[PDB]
Amino acid sequence: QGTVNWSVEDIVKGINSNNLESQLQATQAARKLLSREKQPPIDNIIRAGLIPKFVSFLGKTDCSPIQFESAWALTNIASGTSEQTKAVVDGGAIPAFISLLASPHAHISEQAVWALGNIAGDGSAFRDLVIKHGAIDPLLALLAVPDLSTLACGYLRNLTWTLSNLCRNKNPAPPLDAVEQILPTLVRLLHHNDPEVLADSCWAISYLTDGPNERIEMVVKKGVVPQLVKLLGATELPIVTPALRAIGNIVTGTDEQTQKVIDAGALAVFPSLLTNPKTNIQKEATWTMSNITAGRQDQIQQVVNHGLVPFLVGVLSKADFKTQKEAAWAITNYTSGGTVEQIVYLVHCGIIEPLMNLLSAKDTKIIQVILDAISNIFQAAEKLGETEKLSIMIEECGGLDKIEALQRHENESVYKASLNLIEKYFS
Amino acid sequence: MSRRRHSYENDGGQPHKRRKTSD
């Protein structure tokens, strides 16, 4: 109760005293200000020039309590805007926090982990600077135990979180060797039984797979895909979300990389994902499906075998517009790479009507996408001499009325494609 | 063909930083 709601000037008075105990008390008072529920006075603390004092306090092995209070204070300053985080880094906090990772006091070590997480979390530059200062080794050493279950819950969550921030951000992506250094521990965390650890582990993996094929490969070669697929079926949404994010990222890679996702049994989870009550899950799942239908004919076939086409018809028929649009993409990709048989199967499942209904949308891109798909479907119909059966099917659901109208469209590509369709299959 | 993450979208919306308000 004695260090509650001090003014900044009193905090300064105590910290500038030559009395370690007075300094400890003032530092704690600063910590409590910075820990309050509402509007922590971060800038006032910075302007008082307190950061260098806090950083020096980090080095006081002789007085662990002031180490902890200043660590906590600096953590909260670093949790703010980029400028506020910069002030902490500018004060030399990075190497000081890294030295603290080795502290015999778990709560102090944990605090340093947290602070480094905030710093790395600011962006690529601070992320890489934290790495250059040598944070990874001591961080990983804290997790070098026979069984993660012996570690304190909060402690393990903080470590996992800070690691995921080290895996986060692009332009540039994290250093290749740093990723390689981290991955094995990350794979181990991905098998832990704590929901929070699992969520953050998945987020890390999703960050690492958000890039070119080579980055995806680094992850896939670690054999995590089956575990990701398992996590994809979890009951917890905060686990399913990053798990699905990662799987989606992986299938943006090569067909061989996509095949690993299929082989691991991912497609069997999609009936649920494509009807998931969470809008974002349906969108992400449909987007993922579109990149799978952009693959090989044998990969399209597995989509067929898993009974996923009716589910695509479903989302095309009714879903959030953004989702419907991913569905349109999935269809064009499907029709562009599929065999004749696969394409006819698509029409038999009822793709045509919900496709036509989306033509009335005021989004220029999806219209192009849908028009292209129709052209693809017609092409398959020509090889069957059933172009007329398609034209009527389109006519009867009011598709012709929409396409005819599209001959008068702002976009050039639109009316040209529609005009073409008219004088080729109608007229 | 395959479509990667749009450059104008975030990486999932997870908080980048965390303020400690309790012990």
Side-chain angles (χ1 to χ4, degrees), chain A residues 31 34-37 40 42 68 72 75-81 84-85 107 111 114-115 117-123 158 161 164-165 168-171 199-200 203 206-207 210-212 238 241-242 245 248-249 251-255 258 280 284 287 290-292 294-295 326 329 333 336-337, chain B:
Chain A
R31 175 263 285 184
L34 296 163
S35 299
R36 73 183 183 192
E37 178 186 345
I42 299 179
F68 177 62
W72 184 347
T75 294
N76 285 10
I77 299 174
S79 79
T81 65
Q84 295 167 343
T85 303
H107 66 286
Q111 198 59 59
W114 191 329
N118 281 341
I119 294 178
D122 179 74
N158 277 311
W161 181 78
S164 62
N165 267 359
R168 191 171 188 176
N169 286 306
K170 305 159 73 176
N171 309 313
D200 289 338
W203 279 116
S206 79
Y207 301 148
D210 183 7
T241 297
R245 188 98 181 175
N249 287 345
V251 303
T252 68
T254 63
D255 297 332
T258 296
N280 186 73
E284 290 275 314
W287 169 70
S290 74
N291 282 325
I292 296 184
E326 300 294 343
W329 273 110
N333 292 359
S336 172
Chain B
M1 190 57 71
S2 295
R3 298 175 303 121
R4 296 184 180 281
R5 300 284 179 180
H6 290 301
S7 297
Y8 52 81
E9 71 179 87
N10 64 22
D11 59 14
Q14 288 293 283
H16 289 86
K17 303 168 184 180
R18 293 162 56 227
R19 188 164 68 91
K20 181 181 184 184
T21 55
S22 67
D23 197 41

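Numbers restart at 1 for each chain; the letters A, B, ... are given by sequence-line order, proteins then strands. What's counted below: heavy atoms across the whole structure, side chains too, no hydrogens, waters or symmetry copies.
- Taking both residues in full, the closest heavy atoms of B:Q14 and A:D200 are given as OE1-OD1, 4.4 Å, listed atom of the first, atom of the second, then distance.
- Residue A:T81 touches chain B through its backbone alone, counting heavy-atom pairs closer than 4.5 Å.
- Top candidate by heavy-atom pairs under 4.5 Å with chain B, chosen from A:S206, A:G117, A:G211, A:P238, is A:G211.
- The two residues A:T252 and B:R4 have their closest heavy-atom pair at OG1-NH1, 2.6 Å.
- For the atom pair CZ of B:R19 and OG1 of A:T75, the computed distance is 12.0 Å after rounding to the nearest 0.5 Å.
- Rounded to the nearest 0.5 angstrom, B:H16 NE2 and A:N165 CG are separated by 7.5 Å.
- For chain B, the option among A:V251, A:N249, A:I77, A:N280 with the highest count of heavy-atom pairs below 4.5 Å is A:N249.
- Scanning all heavy atoms of the two residues, the minimum distance from B:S2 to A:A294 falls at N-CB, 4.0 Å.
- Heavy atoms closer than 4.5 Å to chain B are found in the side chain of A:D210, but not in its backbone.
- For A:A78, the part sitting under 4.5 Å from any heavy atom of chain B is the backbone (N, CA, C, O) and nothing else.
- Looking at A:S290, the atoms closer than 4.5 Å to chain B (heavy atoms on both sides) all sit in the side chain, from C-beta outward.
- With values rounded to the nearest 0.5 angstrom, B:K20 atom NZ is found 12.5 Å from A:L34 atom CG.
- Of the charged side-chain nitrogens involved, none lies within less than 4.0 Å of a carboxylate oxygen, so that A:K170 and B:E9 do not count as a salt-bridged pair.
- With respect to B:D11 and A:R168, a salt bridge is recorded, a charged nitrogen being found less than 4.0 Å from a carboxylate O.
- At least one side-chain heavy atom of A:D122 sits under 4.5 Å from a side-chain heavy atom of B:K17.
- With a 4.5 Å cut-off on non-hydrogen atoms, A:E37 touches chain B through its backbone but not through its side chain.
- Closest heavy-atom contact between B:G12 and A:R245: N-NH2, 3.7 Å.
- With sequence neighbours excluded, no residue satisfies side chain to side chain contact (heavy atoms under 4.5 Å, CB included) with B:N10.
- A:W287 places a side-chain N or O within donor-acceptor distance of the main-chain N or O of B:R3, the cut-off being under 3.5 Å.
- For A:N158, the side chain to side chain contact (heavy atoms under 4.5 Å, CB included) partners at least two apart in sequence or on another chain are A:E110, A:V113, A:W114, B:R18.
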